[PDB]
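Participant: Encoded as structure tokens, here's the structure I'll be asking about.
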Amino acid sequence: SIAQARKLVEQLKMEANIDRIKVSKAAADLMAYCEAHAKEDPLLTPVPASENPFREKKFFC
Amino acid sequence: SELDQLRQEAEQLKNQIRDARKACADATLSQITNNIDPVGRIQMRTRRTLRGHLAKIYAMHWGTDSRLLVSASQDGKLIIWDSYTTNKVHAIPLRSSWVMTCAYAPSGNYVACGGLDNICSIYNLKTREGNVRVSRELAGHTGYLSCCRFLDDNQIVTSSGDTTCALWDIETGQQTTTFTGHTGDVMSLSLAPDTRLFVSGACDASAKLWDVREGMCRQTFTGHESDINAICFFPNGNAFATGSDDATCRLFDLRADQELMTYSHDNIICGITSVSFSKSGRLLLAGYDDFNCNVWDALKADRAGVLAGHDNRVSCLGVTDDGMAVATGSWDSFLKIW
Amino acid sequence: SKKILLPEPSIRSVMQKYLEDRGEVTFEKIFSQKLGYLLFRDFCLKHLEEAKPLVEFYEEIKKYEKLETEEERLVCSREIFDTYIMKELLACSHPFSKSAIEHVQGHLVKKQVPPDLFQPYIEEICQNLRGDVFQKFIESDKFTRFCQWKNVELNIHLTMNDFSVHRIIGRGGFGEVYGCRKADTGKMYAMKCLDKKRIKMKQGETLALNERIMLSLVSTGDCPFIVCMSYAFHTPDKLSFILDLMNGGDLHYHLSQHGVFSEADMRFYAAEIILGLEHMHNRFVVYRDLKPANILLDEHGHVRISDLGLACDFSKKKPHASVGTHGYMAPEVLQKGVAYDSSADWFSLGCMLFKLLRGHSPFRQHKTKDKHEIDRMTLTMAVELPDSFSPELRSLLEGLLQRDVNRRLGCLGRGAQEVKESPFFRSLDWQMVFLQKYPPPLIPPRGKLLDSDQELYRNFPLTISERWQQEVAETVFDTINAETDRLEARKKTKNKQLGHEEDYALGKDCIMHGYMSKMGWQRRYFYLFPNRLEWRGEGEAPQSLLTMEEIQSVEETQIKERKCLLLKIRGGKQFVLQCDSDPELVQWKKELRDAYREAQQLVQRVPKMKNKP
Ligand SMILES: CCCn1c(CNc2cccc(C(=O)NCc3c(F)cccc3F)c2)nnc1-c1ccncn1
């Protein structure tokens, strides 16, 4: 473990020096993203049954 | 002690790292989301059953076409299925019985798999001489293949019980980049949407993020109390979810450099084996060793629905790129589409 | 029913592992078995043109070994040297040492042609046969056929139904001898069938025990001059010995009809008896009951030494007890607490041969019960030699009937060779006595049930490989090979047109495969893999299985009088399995147990695969 503590120190030297953001901003954007893509999530917003391969679609290519 | 003289120094950085984050922790996602409407009882049903494997299913992965999927089983076979009809496209008998994982290349031209052979084997799905043949065996790891994902046809990333991950030039058949740091077997990896980054999750109960190109660990996320089994990227590329033996899923943010949210309940007592988000990221689907898959409101931490269709462990799942459907694989030997 | 039926070629998978675990897939071990030799022979002669000349050369030397005279050997040695030595050298096709070439040539130029002239070449042929060639043999059909044949052997369970009984031959103390044919091959044998009741009554359990043990110490090396054993087995009520058949009666019987024999006729019987005794004595057994009643005749009049029930093993622990018939025992034998070895038979032989010439034991002067006076004359009377006798005969008898072992013929020195070198036997060629070429003087005419005691008779059953393989080779071997080749050729042409299964065992990590049966019997084809046991009906792929993980244990058990494996499965569930043969049974047990213990050792190391709380 001689040079095991050496590289563990300088790994953290890197991990420490990134510029972080506030959580409220991070959560805000997460929330924003979901909201902007809710229309396009078929598990949240049903598509017509005839467009769904797993309910009523007939024609496939 | 030269090693002491750099151990407390490992602490005065591990504290400095807690500090900068605690300073950023001004609110919680649950507080920010406390206003928006609930998702409402997500009551999905089983729309297809895939029968064919003869023993436990350990892993599956959707093609980018949201139609074909590969599964991998204790029965020593990959099966590529067409979910729309239920037909099998290929049934691939493997050289080693002990496969644990499988992957589908974005192009649909290749599939990969591996297990205790410690090898990631790539299968050409369209041989010029119309056949399915092994086209490469990637050898280098000194432990078992636990997960793998193609960046493209000539590049793949692999996780392993030897504690490493690795990018491979498929042609050269070499590790173009190694990713060391983890102190326990690595169980899973997810590739960022831009495939410039990827996260990994390991039995050390930590998750890491890596620079695909520079080959370094940028950030290490902790909080779980036990093995991380599954890991999944949030669609926008700035967050990811993990599932643990500790009976919880957790959400981590890249730029906040910390955990936002924990999904658990006092009834849910066994480990998560698999996770992914729906297309919008609003839902987090997780698979359990209790035979169910729970559907969580990613934003509010509420349980939105359950998928109760399997008679043994739910071992894997995926959500189609088009968001149309979920696939659950199980130790009971069946996959179901929901 | 009666015909020998070989298992299918798929038996190779099970059988190869059985043999390999036992060290029996080596050139020495296979080459020196009769059927192994014959199958190795075909492979070299027909299917590899680099080993053709080697085996040809080998068989030509082996013919050479058996040439009777020195002149036949000058001619043949020269033919061999011409074809297999000089021509190959000129053809640059001679894979043999300079010393080999010179040993033979150096001898041949001096016209010295002993039967072992070509020994160095024998060892170098084996050297050239033993590597790549032997490996290519294993990789071929002919080893597949060896396995089929070996399978039948190691699964031999003899009963009475397997034989056909003709008529009686004699009676004895606890049982009787019979004439039998063996159904499958037709080979005629003698069946001695002693009864356990009478044995436990006379308390001669140590006797029957001795004979079976002495027989197996004797029944190797195809000796022409002892009645040898091919099998031994048991039934509810009796003990069988399947022995070499002799129909011509005994020399006691014939002495009485013919009367005393000439000096010339005794000689022939003596010659054959001496080679019998040489055989037993080289395997550390003294017969002890050498007498005319105990010598048997076949349809041509050649002789064999018969009942082994009083014979002794003198290798480890030397006998001292007086045993044998009274007018033939040795001074040492009668003496209380005195060790003796083979010396006993040499004295008895001298007694026995005098009886042929004179009608009575030398030491008996018509005394019936009185063993004592016989014994006292044995220990004082230097036997009186009639003037009728030749001086050659005289010294032979005087040599054999020495009272001290220190002097006797066949005792101090070199055994039977001292006898063979007597002037009495000086006309004989001993090679020719062995090969049975001397004409016989007489051709015979052509017209309280106990469950406890049963376990004393476990380890009685026995089959002598060497004996069984010769029976097969000389009878059914060629025709069954031809037949089961034809069977298989049509199996191939059937499968090729009925969508042949490109074998499901190939190109994976299958450990073993083969037929077995299972109730819930049902015959299915099984494939054992490192983490599971698949199985299938015919015309499909495996569509069900069992995992190494869910196997709790594997034991042998008994169903409807058969031996079958029992797997205890995780869910308190059971699984039962029949095999066709004892080797199959033994090998599945071992491989299943190996595989699940190793599989369950692995799964525990892998967090994704093992069970959780
Ligand atoms: C014409 C029959 C001569 N023969 C005897 C004679 N001995 C014999 C035949 C049948 C049963 C017993 C028997 O019960 N032996 C038990 C026994 C011993 F084992 C040792 C000493 C005394 C004794 F009574 C003994 N044993 N085998 C043969 C025989 C006959 C024809 N071909 C080949 N062998």
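The numbers here are math on the coordinates, done by the rules we state, and not lab data. Cβ atoms come from the backbone with ideal geometry, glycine included; neighbour counts cover every protein chain shown.
Participant: Report, by chain and number, residues whose modeled amide H sits under 5 Å from the one on C:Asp307, excluding near sequence neighbours (fewer than 5 apart, same chain).
Facilitator: Distant-sequence amide H within range of C:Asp307: zero hits.
Participant: Between B:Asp37, B:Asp194, B:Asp322, where does the largest GNM mean-square fluctuation fall for chain B, given springs only between Cα atoms within less than 10 Å?
Facilitator: Between B:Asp37, B:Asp194, B:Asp322, it is B:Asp37 that shows the largest mean-square fluctuation.
Participant: Right, something else. Taking K and R as +1 and D and E as -1, what net charge do the other residues with C-beta under 15 Å from the C-beta of C:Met201 add up to?
Facilitator: In short, +3.
Participant: Right, another one. Report D for region C:523-563 in µm² per second (integer): Stokes-Einstein, Kirkwood Rh on Cα pairs, 20 °C, 1.002 mPa s.
Facilitator: The diffusion coefficient I find is 179 µm²/s.
Participant: To continue, here is another question. Compute the angle between helix A:5-16 and the longest alpha-carbon principal axis of chain A, please, reported from 0 to 90 degrees and rounded to the nearest 10.
Facilitator: 50 degrees
Participant: While we're here: Helix-derived [θ] at 222 nm for chain C: sum -39500 (n - 2.57) over DSSP H runs of at least 4, divide by residue count, nearest 500?
Facilitator: Rounded to the nearest 500, the figure is -12500 deg cm²/dmol.
Participant: To check my understanding: the extent here is largest minus smallest coordinate of the Cα atoms along each principal axis. What are those three numbers for region B:54-131, in Å, largest first?
Facilitator: Principal extents (Cα only, largest first): 29, 27, 19 Å.
Participant: Looking at the square roots a ≥ b ≥ c of the eigenvalues of the Cα gyration tensor of region B:1-130, which shape do they give, rounded for a/c under 1.5, prolate if a/b is larger than b/c, or oblate?
Facilitator: The shape class here is oblate.
Participant: If the chain between B:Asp152 and B:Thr178 were fully stretched, how many nm would it gain, using 0.36 nm times the residue separation less the Cα-Cα distance?
Facilitator: Difference between extended and current length: 7.6 nm.
Participant: Sticking with this structure for a sec: Dimensions of chain B along principal axes (Cα, Å, largest first)?
Facilitator: Principal extents (Cα only, largest first): 60, 52, 31 Å.
Participant: Next question. When only C-alpha pairs under 8 Å and at least 6 residues apart count, what is the relative contact order of chain B, in percent?
Facilitator: Once normalised by length, the contact order is 14 percent.
Participant: Take a quick pass over region C:322-477 and tell me how many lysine pairs come in under 19 angstrom between Cα atoms, counting only ones 8 or more apart or on separate chains.
Facilitator: The number of close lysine pairs in region C:322-477 is 5.
Participant: Would you mind checking the tilt of helix A:23-36 against the longest principal axis of the Cα atoms of chain A, expressed as 0 to 90 degrees and rounded to 10?
Facilitator: 20 degrees
Participant: Just checking the output field for C:530-536: average partner chain Cβ neighbours within 10 Å of each residue's Cβ?
Facilitator: So the per-residue partner count for this stretch is 4.
Participant: Whole-Hz ³J(HN,Hα) for each residue in region C:558-564, computed from phi via Karplus 6.51 cos²θ - 1.76 cosθ + 1.60 with θ = phi - 60°, x for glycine and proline: what do you get?
Facilitator: Values per residue, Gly and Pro as x: 10, 10, 5, 6, 9, 9, 8 Hz.
Participant: While we're here: For chain B, can you list the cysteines whose C-beta has no other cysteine C-beta under 4.7 Å from it?
Facilitator: Unpaired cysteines in chain B: B:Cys24, B:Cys120, B:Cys147, B:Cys148, B:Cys165, B:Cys203, B:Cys217, B:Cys232, B:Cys249, B:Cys270, B:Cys293, B:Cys316.
Participant: Quick one: which residues, 5+ away or cross-chain, put their amide H under 5 Å from the amide H of B:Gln219? H built at 1.01 Å from N.
Facilitator: Amide H neighbours of B:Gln219, under 5 Å, 5+ apart: B:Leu209.
Participant: Kirkwood Rh over alpha-carbon pairs of region B:185-234, then Stokes-Einstein at 20 °C and 1.002 mPa s: what D in µm² s⁻¹, rounded to an integer?
Facilitator: 197 µm²/s
Participant: Mean 1/r over all different Cα pairs, inverted: what Kirkwood radius does region C:562-610 give, in Å?
Facilitator: 12.4 Å
Participant: Sort C:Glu70, C:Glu398 so that the residue with the fewest other Cβ atoms within 10 Å of its own Cβ comes first and the one with the most comes last.
Facilitator: C:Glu70, C:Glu398
Participant: Quick check: convex hull of the Cα atoms in chain A, volume per residue, rounded to a whole Å³?
Facilitator: Residue-normalised Cα hull volume stands at 212 Å³.
Participant: Return the long-range amide H neighbours of B:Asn292 (sequence gap of 5 or more, or a different chain), with a cut-off of under 5 Å between placed amide H atoms.
Facilitator: Here B:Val314 satisfy the definition.
Participant: Provide the convex hull volume over Cα atoms per residue for region B:165-296, in Å³.
Facilitator: Value for region B:165-296: 113 Å³ per residue.
Participant: According to the square roots a ≥ b ≥ c of the eigenvalues of the Cα gyration tensor, what is the shape class of region C:51-130, taking rounded for a/c under 1.5, prolate for a/b larger than b/c otherwise, and oblate for the remainder?
Facilitator: Prolate, since a/c reaches 1.5 and a/b exceeds b/c.
Participant: With the Cα gyration tensor of region C:233-365 in hand, convert its eigenvalues to equivalent ellipsoid semi-axes via √(5λ) and list them largest first in whole Å.
Facilitator: 24, 22, 13
Participant: P(r) of the protein assembly as shown in 20 Å steps, Cα pairs, percent per bin?
Facilitator: Distribution as computed: 10, 28, 23, 18, 14, 6, 1, 0 percent.
Participant: Okay, next question. Along the Cα→Cβ direction, 7 angstrom out, place labels at B:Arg51 and C:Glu398. What is the inter-label distance in nm?
Facilitator: Each label point is offset 7 Å from its Cα along the Cβ direction, giving 10.1 nm.
Participant: Once every Cα of region C:1-149 carries one equal point scatterer and solvent is ignored, give the base-10 log of I(q)/I(0) from the Debye formula at q = 0.09, 0.17, 0.20 Å⁻¹, two decimals.
Facilitator: For region C:1-149, the Cα-only Debye profile gives -0.36, -0.97, -1.19.
Participant: Given bins 10 angstrom wide, list per bin the percent of all Cα-Cα distances in region C:248-447, short to long.
Facilitator: All Cα pairs, binned at 10 Å, distribute as 8, 38, 39, 14, 1 percent.
Participant: Could you order the peptides C:243-249, B:330-336 from most to least packed, using the average number of other C-beta atoms within 10 Å per residue?
Facilitator: B:330-336, C:243-249
Participant: Turning to a different aspect of this structure: With r defined as the distance between the Cβ atoms of C:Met201 and C:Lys589 and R0 fixed at 30 Å, what FRET efficiency is calculated, to the nearest 0.05?
Facilitator: 0.15
Participant: B:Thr85 versus B:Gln5, label points 7 Å from Cα toward the beta carbon: distance in nm?
Facilitator: Rounded to a tenth, the inter-label distance reads 7.3 nm.
Participant: Now for a different question. Subtracting the Cα-Cα distance from 0.36 nm times the residue separation, let me have the gained length for C:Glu153 to C:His47 in nm, one decimal.
Facilitator: Result: 35.6 nm gained on full extension.
Participant: Set the Förster distance to 25 Å, then compute FRET efficiency between C:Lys317 and C:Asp453 from the Cβ-Cβ distance, nearest 0.05.
Facilitator: Calculated transfer efficiency: 0.45.
Participant: Taking Rh as the Kirkwood radius computed over C-alpha pairs, what is the Stokes-Einstein D of region C:505-605 at 4 °C in a medium of viscosity 1.567 mPa s, expressed in µm² per second?
Facilitator: 93 µm²/s
Participant: Hey, with R₀ at 22 Å, roughly what FRET efficiency would C:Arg283 and C:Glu70 work out to, going by the Cβ-Cβ distance, to 0.05?
Facilitator: Between C:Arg283 and C:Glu70 the formula returns 0.10.
Participant: Give the shape of region C:335-421 as rounded, prolate or oblate, defined through the alpha-carbon gyration tensor: a ≥ b ≥ c are the square roots of its eigenvalues, a/c under 1.5 means rounded, and otherwise the shape is prolate if a/b is larger than b/c and oblate if not.
Facilitator: oblate
Participant: Restricting things to alpha carbons, find the Rg to Rh ratio for chain C using the Kirkwood radius for Rh.
Facilitator: Radius of gyration over Kirkwood radius for chain C works out to 1.04.
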